[PDB]
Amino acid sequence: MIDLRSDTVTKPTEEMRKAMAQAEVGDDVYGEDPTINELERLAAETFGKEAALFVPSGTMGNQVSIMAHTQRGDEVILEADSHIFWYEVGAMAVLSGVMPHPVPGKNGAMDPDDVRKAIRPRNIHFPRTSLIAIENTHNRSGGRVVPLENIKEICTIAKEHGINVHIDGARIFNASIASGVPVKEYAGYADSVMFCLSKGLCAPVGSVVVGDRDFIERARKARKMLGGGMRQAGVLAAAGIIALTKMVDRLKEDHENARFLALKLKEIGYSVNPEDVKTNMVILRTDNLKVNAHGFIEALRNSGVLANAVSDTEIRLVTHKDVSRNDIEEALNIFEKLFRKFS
């Protein structure tokens, strides 16, 4: 099967499988896993931050960041189509007792003036705005790159008000590859960044949160509370090091395959916009087709293509390491045949 559902389905490379077998391990509860310790040291250095914390998931990364940044009844400004709001189970409410303050954005880019206006005045009736979250790349909009200038402007606003800044940088390396902006440079405008090892960088498990020592110390106690305090997790960290240090550059190939796929899908007759394709995601609309997104997902699966429907009329196609250029070509031959059928 050709799996275009998500970059989450990436499997470990042979180099990672080997590194996991030979991993040097220890009890991370005591700070004694040498591989964890090295991955964290590396993550911290790559983002120009004092400290780093490995977590079993990006959700946990964001949720411990929120905890470490907030007090009960605080408010978090985030983009209205962001993952923290949509896809993290209302955890910020339950775990941290904080309210989201959604601001609309153009492809993840909140207008700095709208962020300015979402910030609470000091008044008894109002929660305290203590955190602003920015997502790069932006997922719901189709893997779009927030301009560095937006992040720089929003950062400045936050300094003026003493408000912390988090980048949900689940796909920050995809952002860096597309934009040319080094991740240290995005990171410098943030108090904390969460990034995933387990999507396009192909590690089997986990993400990392980078930040200041005192922030990470708090986040590490948050992690213990939430159940992220693992033992000999250096098995996972071994894959994690290879993800971080060796698997970034080739993300360029995911973007090329995605753009190649979109252009060719448009030639066939599918309703796609290749000019919208900036990273590893292609949005496919089904309005011109005889079945909706859900029916077309089934027709694709029967022909050996996996994809998800994100609404009744939209499918998302996501490239990653485990879909090669050949697989893209194979998929296109299938998409051609299914156009003769469902157009």
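Note that residue numbering begins at 1 and tracks the sequence as displayed.
K.L.:
Taking the recorded C-alpha temperature factors, which stretch has the higher mean, 56-64 or 281-289?
P.N.:
Per the PDB record, 281-289.
K.L.:
Comparing 191-199 with 102-110, which stretch shows the greater average C-alpha B-factor in the deposited entry?
P.N.:
So the stretch with the higher mean C-alpha B-factor is 102-110.
K.L.:
Sorting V272, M225, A133, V208 by Cα temperature factor from the record, which one lands on top?
P.N.:
Max CA B-factor in the entry, restricted to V272, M225, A133, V208: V272.
K.L.:
Considering only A170, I216, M92, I268, which residue's Cα atom bears the greatest B-factor as recorded?
P.N.:
Largest recorded C-alpha B-factor: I268.
K.L.:
Please rank the C-alpha B-factors of the chain's modelled residues and tell me whether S141 sits in the lowest, middle or highest third.
P.N.:
Middle third by C-alpha B-factor.
K.L.:
By its CA B factor, does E38 count among the lowest, middle or highest third of the modelled residues in the chain?
P.N.:
Its C-alpha B-factor, which the entry lists for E38, ranks in the middle third among residues of this chain.
K.L.:
What third of its chain, lowest, middle or highest, does the C-alpha temperature factor of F296 fall into?
P.N.:
CA B-factor rank for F296: highest third.
K.L.:
Relative to the other modelled residues in the chain, which third contains the C-alpha temperature factor of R259: lowest, middle or highest?
P.N.:
Middle third, going by the recorded CA B-factors of the chain.
K.L.:
Comparing against every modelled residue in the chain, figure out the third that the C-alpha B-factor of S303 lands in (lowest, middle or highest).
P.N.:
Its C-alpha B-factor belongs to the highest third of this chain's values.
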